[PDB]
Amino acid sequence: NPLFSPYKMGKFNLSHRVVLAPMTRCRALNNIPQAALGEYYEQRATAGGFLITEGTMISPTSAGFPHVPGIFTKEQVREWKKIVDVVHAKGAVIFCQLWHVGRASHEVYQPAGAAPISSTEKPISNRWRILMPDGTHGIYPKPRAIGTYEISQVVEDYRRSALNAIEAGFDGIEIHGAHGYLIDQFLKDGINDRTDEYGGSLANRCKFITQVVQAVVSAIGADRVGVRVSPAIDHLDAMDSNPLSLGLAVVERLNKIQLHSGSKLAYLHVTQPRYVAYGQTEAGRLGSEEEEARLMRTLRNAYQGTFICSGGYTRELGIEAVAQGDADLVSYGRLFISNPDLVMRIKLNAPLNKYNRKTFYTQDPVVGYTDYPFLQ
Amino acid sequence: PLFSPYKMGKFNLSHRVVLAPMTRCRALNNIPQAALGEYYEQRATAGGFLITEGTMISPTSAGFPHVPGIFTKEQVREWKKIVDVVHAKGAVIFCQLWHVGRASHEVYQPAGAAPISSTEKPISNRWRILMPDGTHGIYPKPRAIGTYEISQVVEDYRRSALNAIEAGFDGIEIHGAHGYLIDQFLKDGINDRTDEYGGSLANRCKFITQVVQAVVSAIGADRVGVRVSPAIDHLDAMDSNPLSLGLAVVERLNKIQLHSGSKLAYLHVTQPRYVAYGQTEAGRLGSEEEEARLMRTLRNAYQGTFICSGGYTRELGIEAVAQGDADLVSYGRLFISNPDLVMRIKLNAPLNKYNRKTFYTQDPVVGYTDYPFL
Ligand SMILES: Cc1cc2nc3c(=O)[nH]c(=O)nc-3n(C[C@H](O)[C@H](O)[C@H](O)COP(=O)(O)O)c2cc1C
Ligand SMILES: Cc1cc2nc3c(=O)[nH]c(=O)nc-3n(C[C@H](O)[C@H](O)[C@H](O)COP(=O)(O)O)c2cc1C
Ligand SMILES: [Cl-]
């Protein structure tokens with residue numbers, strides 16, 4: 010089983026290639042990591058296994074979900090420390106994902122009920138909803154387009170949060186630059202309608218992610234920085250006219266940062282679109298995943314370093330990915346929510362527990378969080 | 011509730027369990043076979059309603075191998091034999107008229123002509139077609155038919171509906187869903203025409219209206235059912251406002267009934283069962299709520315019998331009928347493996363699992379008529 014051949018990610022000697030994908034769960038009450046998070050990550054930690062935390066706030070305006078943890082205050086750093094320690098005690102490697110949602114927020118999540126910030130004044134359309142604190146779905150509002158100086162301030166928020174993650178003991182950080190969030194709002198030409206140096210050309214649209222990555226790299230070292238993007242996922246109206254061209258443009262910027270820094274990043278993590286095959290239709294089962302696979306393979310081939318694939322992977326698809334050289338590591342989200350011992354279940358080819366979407370974002374410290382059972 | 015009798019026009023149905031139309035590819039060389047007779051006979055029940063697999067309305071309307079047609083007198087002759095066996099068991103049966111539009115291939119095109127459609131745009135690479143040898147083929151570039159050709163395709167539906175009646179069917183169902191010909195005109199994500207049949211919702215609905223009117227004027231509204239799927243992920247068939255499109259179709263169907271002075275047999279709607287973006291943070295938020303509203307809105311708007319389909323089980327079907335969401339529920343996959351699904355559902359008995367591997371094979375028995383009764 011290729012998922013169990015060891016992999017050397019920088020200094021880290023991973024014992025297997027099954028990675029815990031970053032997943033927002035909303036148990037960090039009032040943005041403070043809670044003991045429940047410690048139990049949750051400890052359940053999933055394995056010796057030589059790599060874990061990525063849920064998206065974590067880099068500032069007071071960075072959230073668009075309730076009770077997501079932050080790492081911009083010392084109080085938050087002290088609580089993260091306890092989680093990092095328990096995970097390290099199991100022999101796992103863990104990175105903290107730094108997340109700013111940009112326009113994907115609501116006044117209820119902003120200080121003084123201010124408008125969310127973004128590259129643009131254009132709001133996410135009503136084709137999408139936001140989870141409100143009371144559990145209902147809300148409408149995304151119009152964001153405020155930020156200027157060059159404020160952009161440098163947000164970059165500084167990433168730098169300060171990366172330093173704090175290192176202070177908490179994390180092995181590194183992952184820049185959430187995917188799924189239509191703040192960085193993707195600058196990358197995607199379907200969102201970025203700016204006329205200044207951060208808009209228009211591919212170079213201009215890639216300026217923001219480059220500045221963010223360079224700032225964290227210069228603060229903690231490229232080896233402790235992973236980058237996540239999703240050029241072909243249009244979640245929250247984040248489409249680009251040419252996904253592959255955009256993805257390759259980002260990859261070249263990362264390749265350039267590495268050469269200039271004289272060091273490689275921890276990895277490039279890419280989420281791919283995954284089309285569920287509907288069995289109730291005439292030709293749903295006759296589809297092909299070919300094209301989306303070629304896009305992923307091209308980004309991996311273009312990138313000089315470790316590649317982590319994600320998005321609807323199963324045991325069989327993960328084995329295939331590593332076996333064909335399409336990826337070095339494979340991250341799993343939903344199956345890891347319901348299978349604390351996912352790594353062991355994939356090693357033994359055991360049945361996998363079903364997951365309950367209803368409790369993905371609820372606040373209970375146990376229910377739908379740490380009560381999914383281990384192999385008996 | 012599924013066994014509470016239902017009156018569908020002049021049809022007194024004994025239960026609400028319907029056999030959904032399902033392509034099975036056993037009609038060798040497009041001619042109905044004795045096998046189909048046994049297959050349908052097996053699932054037929056006294057006072058039960060069945061809808062046949064999609065059936066060709068012209069030589070160029072197919073996109074699957076060995077699907078039956080009803081555009082030749084020979085085909086009509088063989089269908090009659092099947093219809094008789096079904097009536098013998100006291101069941102009501104409608105023949106579904108199917109034209110795939112752009113969802114075709116050169117191998118299914120007698121004159122090597124490009125498949126016809128509303129647009130010049132080909133189905134995307136992520137969708138494939140089933141080839142005669144069982145392999146998957148690539149969808150070719152279709153031809154955006156001219157305004158004048160639309161009338162002749164409507165004529166193909168009309169002649170086919172007449173042929174279905176000549177064959178003895180109690181009625182016909184217009185397949186206007188799942189990204190096939192009619193749906194290629196309805197969905198603004200496909201229809202990029204700038205003429206009378208493109209642009210406004212009204213213009214987009216012109217084709218299905220003309221098809222339904224032609225068949226209604228040929229055999230009577232009481233013998234015509236119509237199937238649509240305002241919101242479905244199949245062969246790149248998307249629309250900006252699924253609700254608006256669905257209600258536009260319902261409004262024109264209601265008008266055809268008023269002007270005809272008789273109601274259609276029913277409106278058949280596929281349940282979206284939308285599951286896109288499950289791998290994202292917010293993709294699924296509000297999805298289930300929107301499709302539920304979409305369906306109830308259409309059900310409340312349509313003046314007549316409403317049949318739901320797509321992902322239904324014994325429990326989900328019971329719920330649909332109990333909550334007033336649908337009058338009849340059609341089952342597809344479970345009916346493939348459970349010939350006596352009706353009886354089984356009635357007794358809450360164990361259901362047989364189905365083998366997809368044999369959904370479209372040509373064996374007249376294996377995976378077709380060999381599923382056990384129990
Ligand atoms: C409940 C949930 C929360 C998520 N939260 C995040 C997040 O905070 N950051 C991120 O980059 N991706 C997030 N994702 C996307 C996942 O990291 C991952 O790409 C996806 O779950 C992989 O597909 P899979 O679930 O089929 O394994 C989330 C996904 C789910 C289902
Ligand atoms: C093998 C197969 C063939 C189908 N063929 C057709 C068809 O020719 N026409 C049509 O309108 N729907 C067709 N359908 C869709 C079904 O009528 C029905 O909506 C679907 O099977 C219902 O979902 P269920 O299988 O979960 O009950 C087909 C479905 C399957 C699984
Ligand atoms: Cl390191």
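Residue numbers (the entry's author numbering), protein chains in the order written: chain A, 10 to 385; chain B, 11 to 384.
No residue lacks a Cβ here, since even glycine has one placed at the ideal position from N, Cα and C.
The beta carbon of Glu291 of chain A sits closer than 8 angstroms to some beta carbon of chain B. When C-alpha distances from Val226 of chain A are compared across A:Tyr190, A:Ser170 and A:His278, the shortest belongs to A:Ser170. Secondary-structure assignment with DSSP links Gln106 of chain B through a beta bridge to B:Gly64 and B:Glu183.
Contact residues of the segment 258-285 of chain B toward chain A are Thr280, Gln281, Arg283 and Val285 (C-beta to C-beta distance below 9 angstroms).
The DSSP-derived three-state label of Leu140 of chain A is strand.
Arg237 of chain B is bridged by DSSP to B:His185 and B:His278.
Listed as beta-bridge partners of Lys17 of chain B by DSSP are B:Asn22. Within the model, the alpha-carbon separation for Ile61 of chain A versus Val28 of chain A is close to 8 angstroms. If the five residues before and after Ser254 of chain A are omitted, its C-beta is found closer than 8 angstroms to the C-beta atoms of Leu211, all from its own chain and listed in chain order. Here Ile80 of chain A has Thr65, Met66, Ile67, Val86, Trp89, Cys105, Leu107, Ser170, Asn173, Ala174 and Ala177 as same chain residues with Cβ atoms under 8 angstroms from its own Cβ, once five neighbours each way along the sequence are excluded. Looking from the CA of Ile182 of chain B, the closest CA among B:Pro152, B:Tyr378 and B:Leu277 belongs to B:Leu277. Classified as buried, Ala258 of chain A has 16 or more neighbouring CB atoms from the shown chains inside 10 Å of its CB. Within the segment 187-266 of chain B, the runs of beta strand (DSSP E) that reach at least 3 residues and sit entirely inside it are, in chain order, 234-238.
Contact of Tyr287 of chain A with chain B is assigned, a C-beta pair being separated by under 8 angstroms. Per the C-alpha coordinates, the member of A:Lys20, A:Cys35 and A:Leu12 positioned closest to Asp373 of chain A is A:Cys35.
Within the same chain, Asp205, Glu206 and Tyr207 come within 8 angstroms of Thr157 of chain A by CB-CB distance, once the 5 residues on both sides are set aside.
When DSSP states are grouped into helix, strand and coil, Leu29 of chain B belongs to the strand group. Flagged as an interface residue toward chain B: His244 of chain A, by a C-beta distance shorter than 8 angstroms. Every residue whose Cβ sits closer than 7 angstroms to any heavy atom of ligand 2 is listed here in chain order: A:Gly288, A:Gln289, A:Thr290, A:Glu291, B:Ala30, B:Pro31, B:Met32, B:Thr33, B:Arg34, B:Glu63, B:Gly64, B:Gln106, B:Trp108, B:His185, B:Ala187, B:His188, B:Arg237, B:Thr280, B:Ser319, B:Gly320, B:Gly321, B:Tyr322, B:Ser340, B:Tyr341, B:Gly342, B:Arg343, B:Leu344, B:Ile346, B:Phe369 and B:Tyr370.
Residues of the same chain with a CB within less than 6 angstroms of the CB of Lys216 of chain B, apart from the 5 flanking positions on each side, are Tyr207 in chain order. Non-local beta-carbon contacts of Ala72 of chain B in its own chain, meaning distances under 6 angstroms to residues more than five positions away in sequence, involve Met66 and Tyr118 in chain order. The shortest CA-to-CA distance from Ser161 of chain A to any of A:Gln220, A:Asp143, A:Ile133 and A:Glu116 is the one to A:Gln220. Around the beta carbon of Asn310 of chain A, fewer than 16 other beta carbons lie within 10 angstroms, which makes this residue exposed. For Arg354 of chain B, the shortest C-beta to heavy atom distance toward ligand 3 is 7 angstroms or greater. In the DSSP assignment, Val339 of chain A falls within the unbroken beta strand (DSSP E) covering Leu338 to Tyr341.
Under a 10 Å Cβ-count criterion, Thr323 of chain A is classified as exposed, with fewer than 16 other Cβ atoms of the shown protein chains found around its own Cβ.
Not one heavy atom of ligand 3 is found less than 7 angstroms from the C-beta of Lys273 of chain A. For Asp232 of chain A, the Cβ falls inside the 7 angstroms cut-off from some heavy atom of ligand 3.
Listed along chain A is no residue with a C-beta nearer than 7 angstroms to that of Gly79 of chain B; the closest approach is about 17 angstroms. For the segment 333-364 of chain B, the set of positions with a beta-carbon nearer than 8 angstroms to some beta-carbon of chain A reads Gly342 and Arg343 in chain order.
Under the DSSP assignment, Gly147 of chain B falls outside any alpha helix (DSSP H), being part of the beta strand (DSSP E) whose first and last residues are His146 to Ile148. Rounded to whole angstroms, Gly293 of chain A and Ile92 of chain A show a C-alpha spacing of 43 angstroms. Assignment of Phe316 of chain B by DSSP, reduced to helix, strand and coil, places it in the strand class. Within chain B, the residues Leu295 and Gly296 have their CB atoms less than 7 angstroms from the CB of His146 of chain A, given in chain order.
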